[PDB]
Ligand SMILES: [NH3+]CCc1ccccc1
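Quick setup: one chain, the form solved without the named molecule, written in structure tokens, and binding and motion questions come after.
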């Protein structure tokens, strides 16, 4: 049908079948990751060769393996044994989070820690956080997780309101042993509850809200064919889904007259880091790689009609694989609908007497993911005028700590005795560019100010400078809001009627990048977050900014290594990597449940079309 179609339950089963028949899926193997591979560069090869990539964990202690399978031919294409102590461990497993509370419950030094605090073990919940690479040399090669405790007064209580400070415990999940229990001191456990559902806290619910009914009596303007192909207002694309990256967009093209023009080949949020700014030994190791370590698409929520998505909604229910190879369906995990977006263009002309007004619309493709305390919304927008935008919505419950008596320079106080450490939410978007084809280049555009004098008189002139990025070694860029720095991706071999290269301009929000000291562990492991834009030559194996195995890997694996190749990017098949995020100094208004905050970027046509592409929109 289409080589970009969503993986079916049948295919997941066939992989389990092929892995089983080839002796790779024994009773002790666990699938840490499984996802389809994208078709190869060279769409000339006719015939579907639907391949999958599988990361197989081993519970007895044996070396894990990276396996590639071809469901079409029913064979295993390759299988490599992995040296995790070198290339990094595999993604964490759902079944492993549950082991850290169980193991520590019967640990003598943990129980002694809780006794000194008069805390009942049946009420202590332990949060299984990923472990970076720090001092501890005995963790190398071993699959570790770290726990932090939160007291839950009753089954429906928000344990986040009761952090147990001064206590951390490392645990080896494979051999199932607690490697350490560190107790720096006793901190009072914040007693105030944080139950945003308790009528005591909420007070009487407002009755002033009248309904806002959004419908489409004739149905949506977009069509879905082949399960995931979308056709909307001249736009064309395929909505894919990977258990690691979540929603992924393929073949984004625009129908310019009698021509389907490609813009972006593949787009996804390829990584996401949440570094913590608390210098305390109890949290200085805290860094979530939501995409790399936990796999974003795995924890996707099922969206509800009227609550999560309002209007005329069309859902997609992606198919994931559980740890044993059985197909698992995320029902209504993808929302799709069109939205009104105010005025698109308007002018009341005095001379002609013509009054013109046109409404704008955007299409929305979204999914939500929950990862421990936080929930994130991923939104992609396509507008009538050719603009493409991405938006991340951060919500959920802020990670808490104890607010030290003397106050703190790295923690916010949210209630009496309750703290919340400073952190960032950093995203990395992978944009496989196909601006009117694969011959693309990136130019950095700066505004330039002119001194009053020769050309200038009056001193009113100002210009713009554009330098082309030619080699990968000079494609690592920093933002500059003062000079209005932006980046244009063009195709030198495709020109508009004015005989100028077609292009698209990238507008960043210019928020701060990674604040962690340059020599820190997190700086090395998340080097991508230290710069706003990276451009690399395309390669099939260069998929993530942090590499393929992020969990407990030591650093350098992603972009810093790809970039060292110093490949030519002037008029080639390039990939743009945009770093963007939020610096969060939690405020009282964020407790007990955090209201949505947002970050993103957008891409607008820069001489792509011959004139305005929305001249043919009617007036409803």
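Positions refer to the first chain, counted from 1. Under this definition, the rigid core comprises the largest set of C-alpha atoms superposing within 1.5 Å between the forms.
Averaged as a root mean square over residues and superposed structures in 7 other deposited structures of this protein, CA distances to the shown form are larger in 39-47; the pair compared was 39-47 and 26-34 with a core fit. With 244-252 and 204-212 compared on mean CA B-factor from the PDB entry, the stretch scoring higher is 204-212. For the pair 581-589 and 50-58, the mean B factor over Cα atoms is greater in 50-58. The top Cα temperature factor in the record, among 293, 258, 445, 532, falls on 258. Among 121, 392, 515, 267, the highest C-alpha B-factor in the deposited entry belongs to 121.
Annotation for residue 97: C-alpha temperature factor in the highest third relative to the rest of the modelled chain, per the entry.
Sort the modelled residues of the chain by CA B factor and residue 386 lands in the lowest third. When the modelled residues of the chain are ordered by their C-alpha B factor, residue 141 lands in the highest third. Residue-level temperature factors show residue 199 in the highest third of its chain, judged at the C-alpha atom. Sort the chain's modelled residues by C-alpha temperature factor and residue 375 lands in the lowest third, per the entry.
Although it is not shown, the form solved in complex with the named molecule is what the next lines describe.
Although the partner is absent here, residue 129 sits close enough that one of its heavy atoms falls within 4.5 Å of the named molecule in the bound PDB entry. Contact check for residue 290: a heavy atom falls within 4.5 Å of the named molecule in the bound PDB entry. The named molecule is not drawn, but in the bound PDB entry it has a heavy atom within 4.5 Å of residue 160. In the bound PDB entry, residue 387 stays away from the named molecule, with no heavy atom inside 4.5 Å. With the partner omitted from this view, the residue of 374, 136, 315, 422 that lies near the named molecule in the bound PDB entry is 374 [heavy atom within 4.5 Å]. 97 is the sole member of 381, 341, 222, 97 with a non-hydrogen atom lying within 4.5 angstroms of the named molecule in the bound PDB entry. Stretch-level contact analysis of 440-448, 469-477, 121-129, 82-90 against the named molecule in the bound PDB entry, using heavy atoms and a 4.5 Å limit, identifies 121-129.
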